[PDB]
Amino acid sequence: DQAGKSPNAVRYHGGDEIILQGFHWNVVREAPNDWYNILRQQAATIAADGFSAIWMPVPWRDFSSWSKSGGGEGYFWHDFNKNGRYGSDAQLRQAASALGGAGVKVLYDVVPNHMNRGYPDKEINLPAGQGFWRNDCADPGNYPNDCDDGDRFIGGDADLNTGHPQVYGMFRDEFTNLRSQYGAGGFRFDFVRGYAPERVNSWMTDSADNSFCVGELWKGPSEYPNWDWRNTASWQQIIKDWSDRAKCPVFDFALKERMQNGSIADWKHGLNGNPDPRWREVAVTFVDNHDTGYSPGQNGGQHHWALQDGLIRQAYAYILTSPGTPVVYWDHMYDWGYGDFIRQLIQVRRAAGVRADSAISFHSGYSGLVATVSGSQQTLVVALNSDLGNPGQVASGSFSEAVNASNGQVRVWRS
């Protein structure tokens, strides 16, 4: 592996990461208090499968509940105690040391925007009136107020004033803690629309300046005020702006939006397809996650914006062979039968030396998605749901088949 910031000082850690989302939505229910044991036991396999990093569930205990039903997944934690629904504190330390030991850096999902303010028994009790909360200030609607420079989570009553010195400090100390005793190699920031992106850069600078980070900004242009430039900008411009200020890579929701609403040919409009390397290199691509996708168990997970089933192979072949930093959803990899296929694609990625900044060109003269990726080791031609006959039609050089599945609907050639 290779470390290092981008030419723009963005924390993409060498730009050579291949990440595994180490969980799905119903884990706390399907494998009660045993997930950390499972991950430690799977560390060897995960490393062998080709992953360089693993996005772990939120480590802060969550005993919340609601009724569909849910709770305890970590996005409504009541304090930093590690004895939550995924396993014990000791178990977390053992899983993290095993993963880190196998060459898989541990990236922690962190939720700074809010907390289970009403939980009865917690180690973090911030009173009202001191400005620790968003609702300490007048809260007219879902937009920044005097006690919160970001959007709010639902009603906003559990929103923290992450800008308050004490609140900012307690998070900073915990990130240092995670890095110091829980083998964290970086962080995945949750609900980044809820607080200033600059604060994320501050936290990283303070606790893990040279680590890897990714933030999820999930907000369409239509969610911005008509006077805000973002209101008429593209999904790409919006997430790129956040990455600029947070100096952290950002989940490619521009690509996800095209995967959900456009044609496969239109996938080229994701952030990872941008002709400017400073733009695509900060994109963290994915197919589905614990929120957008399905999950084994209860109600099939959240599946708030799930990829059409018949595009799963195409989606993975695309993100694993193109620029940006790819993320593989736990379930596709280990529960639904795409593991072998994904394993092959990861090896194709490493063999060609595709990086977050590798060049990519698109070819519209054929059906489907056709592209040429200039990896550091080899050049790849990718044809998904295309009537392309041979790679020589779009690129010069000696090419050999690297992938050919789904009746040629998924074809990759390498030089």
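Throughout, we count residues from 1 along the sequence that is shown.
Next item on the list: If the chain runs straight from residue 67 to residue 68, say none; otherwise bin the unmodelled deposited residues as 1 to 3, 4 to 9, or 10 or more.
Entry: 1 to 3 residues lack coordinates between residue 67 and residue 68.
Next item on the list: Check the entry's C-alpha temperature factors for 235-243 and 143-151, then say which stretch has the higher mean.
Entry: That would be 143-151.
Next item on the list: Please work out which of 21-29 and 399-407 has the higher mean CA B-factor as recorded in the PDB entry.
Entry: Mean B over CA atoms: larger for 399-407.
Check: Whose C-alpha has the highest temperature factor in the PDB entry: 55, 51, 35, 366?
Finding: The record points to 366.
Check: Considering only 317, 264, 96, 208, which residue's Cα atom bears the greatest B-factor as recorded?
Finding: When the deposited C-alpha B-factors of 317, 264, 96, 208 are compared, 208 is largest.
Check: Taking the C-alpha B-factors as the PDB entry records them, is residue 252 in the lowest, middle or highest third of its chain?
Finding: For residue 252, whose C-alpha B-factor we compare with every modelled residue in the chain, the answer is the lowest third.
Check: Looking at the C-alpha B-factor of residue 326, is it in the lowest, middle or highest third of its chain?
Finding: For residue 326, the deposited C-alpha B-factor lands in the lowest third.
Margin query: Can you tell me whether residue 92 has a C-alpha B-factor in the lowest, middle or highest third compared with the other modelled residues of the same chain?
Written below: Residue 92: CA B-factor falls in the middle third of its chain.
Notebook entry, point to check: If you rank the chain by CA B-factor, which third does residue 123 end up in: lowest, middle or highest?
Noted result: According to the entry, residue 123 has a C-alpha B-factor in the chain's highest third.
Next item on the list: Taking the chain's C-alpha temperature factors as the reference, tell me which third residue 391 falls into: lowest, middle or highest.
Entry: It falls in the top third of the chain.
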